[PDB]
Structures are given as C-alpha cells and as structure tokens.
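Heads up, the chain below is alone and in the form deposited in one PDB entry; it's given as structure tokens.
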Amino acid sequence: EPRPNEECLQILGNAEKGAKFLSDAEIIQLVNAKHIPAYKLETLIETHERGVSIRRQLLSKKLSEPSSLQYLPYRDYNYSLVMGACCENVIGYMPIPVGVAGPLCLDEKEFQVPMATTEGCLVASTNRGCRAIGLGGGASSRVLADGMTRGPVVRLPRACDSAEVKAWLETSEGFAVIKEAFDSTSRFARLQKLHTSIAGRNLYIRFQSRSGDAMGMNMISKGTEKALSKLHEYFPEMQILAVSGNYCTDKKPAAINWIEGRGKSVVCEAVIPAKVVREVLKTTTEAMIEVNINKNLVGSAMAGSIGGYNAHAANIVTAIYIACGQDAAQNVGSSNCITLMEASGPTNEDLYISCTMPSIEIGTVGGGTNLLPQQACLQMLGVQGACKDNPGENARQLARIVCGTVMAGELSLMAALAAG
C-alpha cells in the first residue's frame, strides 16, 4: 500500500530506519514532489544499484515506449567508483564487445592488445597485421615528445599591450616567474617553453607540461589558472576571457596539434619480408607502396586533410581507448597519423612501413582508468596505474602500443585495398 508523502519523509529522516523500510513506489512519489533530487538517489538510498533502479523507473514513464530500458543492463555493476567521478544520472551501462589482437611484437616484447568495438572484421584484420609484423622480426617505436597542453585566451586593452605581454613571457625572467606558479600546483608539473600567438589585443598562450602517467587535462588546467593569476599581478589590465581559447587544442581538429604535438608524439616502424607480404597479406610490396602513395598521401591531399594521411588509425585508437578507459572523444586529435611505405632489403622486395602520430592524448591513471574492468585491459598490457620508479613510463608505453597497433591495422587494411 502506497503511504502518504508526509509519512515517508519522517521514516527516511530517522537514523535507525532509512530508505530500507520505504518501497519502490514511495521513493518515486518523493522525487516527483521535489522533496528528493533524482541525481542524489545513490547517497540517500541504502545501495548504489537501487538508486539506479529508481531512476530507470522514473525515466520509463517519460518515454513513449515504457519497456525501452528492458535490455539495457544495470544490475551487478560496481557503481561506487563511477559516482562522483565518471558519470551522472546513471541508468545502467553499455557493454562493448572486447576482442584481442596479438601478439604485437614491439620493442623486443609481446603485447596482447584489447580492442572494444562493434565493427565486424576490425579485430581479426588488426590481428593479421600483428602476425605480419611478428614474422618480420617485430616493430620498434620511440616517444619523441610528452606534454599535455592548455591554450587560454587573454585580452589586453590594446594590441600594443598584448604585444608587451608576449615579449614579457619570452624573456628568461618572465618565463621563470610563470613557470614557478605553474609547477607549484602539482608534483608532476614541469612547464616547457611557452608557445604564444597574438590576434590584435588577444593573446593565446599555449602551456605545455608532462603530467606523470595521467592524461593530464585537469592537472594542466589547474597549473594554467595559477600561471594566469601570477601574470595578472604584473598586468592588472589583462582579462582572462577563457581558460581554454581553443588553442590547446582539445577535441577539435587543429594544425597546431599536428605540428607542435600534444600529449605523446610517437613513431613506429617495421620491415615485412616479401614472403610475408605475399602469404599473410595476400599482396605485394610494390602494390602496397603504390596504394599508400596515391591514397594516404595524394588522396588525403586532394581531400584537404590536415593530419589524416592514413587509412584507419582512428579505428584502432578508438577501440583501444574504449577498452582501456581513455577519453574516446580525444580520438579526434589522437588519431592524427601519417603512414609511409617504401621498398627495402637487398633485392628491394621487402616492405618498410612507419606510422607517425604526433598527438596521442593518453593516460593510465584518472578518469575511466579508475574503473576495474578498464583496469583489467590496462593490466593485460602491463601499464595499469602510475609507474613509481619512472613517472610517465606506463602512459608512454601505452602510447607506443597504440602507435604499433595502428601500424598493424594499416598493414592489413592497405593490403585488402591493394588486392581488391
């Protein structure tokens, strides 16, 4: 029997009763009367799972089809780590199939690479690329740079004033003061040379710094706030218009990420014997190079691409990112890649391949990497959490694995297009 709303408020308020005594229908009555907020259903109710169940029932009534959420799962999931960290207004979870592609022979080691995707043939094709690399002695990679960025926009009264601030940041003394404020916000914060650009009285400042094993967006944002506050002391007429003025650039296509790099800049390479190209990849070295020149270079050129000189790097990046608790929206910039191919060896029949990815935004701590299922996929690769002995080594290793797996995916798709 559904009790009145006045009586239900007294039971929940009591210390030795709680929501346990109230029913499903009674809690739904309190939320609709604005006594209890729907987004705090986890804290008020005895368990996290029951809070999600109540929000699903509230949502179902609003929908045109009441049984819409029937096959959206929610039970037996660890909501404790998601609440107040990863998601709000939670109505369940979305299971994404995870396949394995390996072994990927990279830097004299072997990796079993997890790939969360619903695209048919993606895992198996990437697996074929790994097999070709394995029979060809393996791949080698190098991290060329490491530093997450934030690109605020500030505004001085005049262009003459903004020019003065740019010159001030360029002196050794001015940069030293701003570096002191930036680095004071975190243990891993080490500010590199600034990258500034004027647009009239506007000034776009590109802060860059390592962030341990974190992706580092929040850490670099906090350091940027303290740095601009210190700059405000020397220039009180400056106005911080936005902590992100799209000069970072985060989650949008931008030539600045392609040229300067953002996060981890990485390069991989391998040599596939002529026999391996024929038997595994069902093509030739000559055919692979001709498709790479006219698709990945000339084709992308005709399309007006900036940073998209590859076949499907975004497929591999997105799959690994979802599996390993990364920010999947950062696939925009993280998938930037140029794939090159040429002839090699004594008879000029072997296929040299390289992929260069200047802006892989990645981390093994914080965000979705705090969740246990996501940590399982990181644990496969041996990069879960922060490396204490060498800060940033786990995040750098994951970036190398992404670049190497992208190269495996490039080998297989380009071989499929060449053979027809």
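Residues that one form lacks are left out of the comparison. One rule holds for the numbers: they count along the sequence shown, beginning at 1. So that the term is clear: the rigid core is the largest set of C-alpha atoms that superpose within 1.5 Å between two forms.
Separately, the form deposited in another entry exists; it is not shown, and the next lines address it.
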Out of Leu30, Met380, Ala386, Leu371, the residue that alone shifts its CA by 2 Å or more between this form and the one not shown when the rigid core is the reference: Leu30
Core fit, then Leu41 C-alpha moves 2 Å or more between this form and the one not shown: yes
Sequence-ordered runs, three or more residues, C-alpha shift 2 Å or more between this form and the one not shown, rigid core: 4-10, 29-43
